[PDB]
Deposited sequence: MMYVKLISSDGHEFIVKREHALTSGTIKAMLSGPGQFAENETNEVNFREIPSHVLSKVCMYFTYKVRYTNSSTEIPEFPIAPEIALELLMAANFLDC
C-alpha cells in the first residue's frame, strides 16, 4: 500500500493512500512523495483528507449516503482550497 505526505502551511504532516490523494488533479500533477502547501492551514487540510476517504467509500454505492459536514468557521477557507485542488 503506497502512501504520500501532504504538508500544511503550519507544518502538520498528513499521511494518506496514494490512490486517495489522486482524487485531486492538482496533487496528481505536483507528484507526476511529499507536497508542501504554503496557503493551507492544518484545520483545512485535515478536512480535505477526510473528504478523500468519504468520496472513495461512497462513490457509486447503492446504500444511503450521509451528508459531508462542514463547520461555518472553515467554509470560506475550505472553498478556496477545493477550488485550487479541483475536488
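Against the full deposited sequence, the model leaves out just one stretch, namely 33 to 42.
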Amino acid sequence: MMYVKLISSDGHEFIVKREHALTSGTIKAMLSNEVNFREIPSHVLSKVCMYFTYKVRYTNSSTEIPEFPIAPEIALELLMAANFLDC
From here on, numbers count along this sequence of modelled residues.
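Averaged over CA atoms, B-factors in the entry run higher in 59 to 67 than in the other of 59 to 67 and 17 to 25. Sort the modelled residues of the chain by CA B factor and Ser32 lands in the highest third.
Ranked by C-alpha B-factor against the other modelled residues of its chain, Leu6 falls in the lowest third.
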